[PDB]
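Take a look at the structure tokens below, where one protein chain is shown in two forms, each on its own, as structure 1 and structure 2.
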Structure 1
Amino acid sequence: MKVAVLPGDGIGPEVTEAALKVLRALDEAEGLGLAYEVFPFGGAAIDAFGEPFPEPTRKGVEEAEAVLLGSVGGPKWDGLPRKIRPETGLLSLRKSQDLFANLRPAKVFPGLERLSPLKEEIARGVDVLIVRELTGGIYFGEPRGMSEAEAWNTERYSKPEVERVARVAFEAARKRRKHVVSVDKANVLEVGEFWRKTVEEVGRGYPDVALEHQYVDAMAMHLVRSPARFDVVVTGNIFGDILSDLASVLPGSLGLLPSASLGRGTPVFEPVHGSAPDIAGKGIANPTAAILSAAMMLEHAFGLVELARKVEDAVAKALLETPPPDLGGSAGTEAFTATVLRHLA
């Protein structure tokens, strides 16, 4: 279990640190290879190297079997050359490993229905994972331009691009509730039809996982009227861009949300939240997102599903017992983490 740890900026190191306490506790009690090293990333890296993705860090990432990322960015770097801003650090990092699968789970833990924008009965049981294709589609298609009278972008997927992201979604569902929904616009766009026929075929290699197809519009509705019926959801880039964002508001607090990015290279696992300069150093950031990213790490990077569910279950109990300030309670970062640890023990 060789992890490169990239705490970054703002609340990044605070929440990262909380995740490590959890990973460490887990190491001592269960004995894992846990070996890890802290590299400077983003702002922290600029401060000390003139650039956000240094070669020592680049070296660490490569060699590591997984990256636990914090968050990067902040005022003290916002007026800087695009090529060198902390955000372009993220972009290089991701590109550097050809991560084509973004996993974002939206979960409403038992008792936390009160937080959802949805009504109690609709929010109960929600636990959906959105799997987004990262490297293809309209965001990257050629030809693409703007003339004065018109503009054009091209949505483009090839068969191997659809296949790999599909495969990730199926692996994921097998570790979960064995049900996949694939989202396209197949009744209108050929790229849609193409997606659907291709995923249908991949699904044939996972006879344990059921597969079902919906239209992106239909799906935007279901995510609001009845999100609790879904398990894994997989889709193309732009739609994933919309849908995970849609799914994400569901638990009703930013501090709850983890992320994994998978592909060829080193998997990266990060909280969705940014570096939160307005609260950095206050010891109040909710570390759930980070801890849940470690959980996701154990799961997707190390096939350690049971340990992942153990963290999740501890976190779910902590969120009830000593909820953080963003959940309406009082537990600062260290104190909440201590509650997670009481439940791992």
Structure 2
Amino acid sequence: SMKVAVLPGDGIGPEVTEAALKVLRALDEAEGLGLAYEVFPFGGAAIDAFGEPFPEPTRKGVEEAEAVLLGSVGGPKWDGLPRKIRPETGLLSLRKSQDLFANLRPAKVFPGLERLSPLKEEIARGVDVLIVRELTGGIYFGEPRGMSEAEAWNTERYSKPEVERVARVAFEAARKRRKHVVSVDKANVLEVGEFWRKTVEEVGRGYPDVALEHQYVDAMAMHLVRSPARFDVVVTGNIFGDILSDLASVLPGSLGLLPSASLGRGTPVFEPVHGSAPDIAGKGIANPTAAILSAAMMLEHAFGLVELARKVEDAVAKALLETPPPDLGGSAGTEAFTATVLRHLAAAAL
């Protein structure tokens, strides 16, 4: 069995999630996976129907599933709502309630696809980075937070156990990869960066088989574009991970490519890094690669189906060469691009 709660959300979310469901249904028919999914209202779609972005039946669906496949939430229609019911607060709540503290956001340039990057070929060649972002703490969830007429405030707060457990994930990921971690902070200005750095250094002592370096967040952002092949695992807190991972999209060449997994105590969540892209929603052009590769991360991390996840990545890469979507300089919209993916997947099987 493979029990999946599907949260398509808003804007391009449903468009890309549908493309990802087509790939999963195809795998399920080919492989006998026992795929069982149900679609649940989430974000702005949930607000329009229930008045809150993460309503009861959706919380229940998440809770009872083995994995969540998520699209994206948000858009101009919901601009101005009180924060406690905004579409993005629904995704914060989902993460927090499942204690999904480890956000894995990989960025790789597939051999032969260096041409898709805005970076010169020789700079993009061989890039394979993994961002391990702390997802349930920091300024996203810190108290106090608020606003008056005169001012507004938010609190970047981390405890020792929160830093420890995300650091452990990064070192364990680096063990499985190329044995390098760079930890990222603003320790020269912020108490919380200092605390972060010391704690990651403490956890590092238990992994003498892994190399540990530290970088200030400003320099890291530069180094990640100028010398990306240098980095293996990058560990950082909630807001800096959010920023470095959208930035990491310029390595393979588009934010339409980047998948993610959110792992922790509860039901794991797999979603594109990208948002709901209201500028192109409803035009049938959204690149579904990030949703499709998030379904591949789900197969690997939630279901242990490592080889199927790899066939999906391979058919995506082929489709990227054959029929690029518009965000990568081609003209294949969502359904045509997914169709190319499905033909490569059928060619690899049938």
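Whichever C-alpha set is largest while still superposing within 1.5 Å between the two forms counts as the rigid core. Residue 1 is the first residue of structure 1, and the numbers go on in sequence order from there.
With the rigid core aligned between structures 1 and 2, only one of 173, 256, 93, 262 has a CA shift of 2 Å or more: 173. Relative to the larger rigid part, the smaller one has turned by 29° between structures 1 and 2, according to C-alpha superposition. Its Cα shifted by 1.7 Å, residue 124 is compared between structures 1 and 2 on a rigid core fit. For residue 159, the CA shift between structures 1 and 2 after superposing the rigid core equals 7.3 Å. In the rigid-core superposition between structures 1 and 2, residue position residue 312 carries a C-alpha shift of 0.3 Å.
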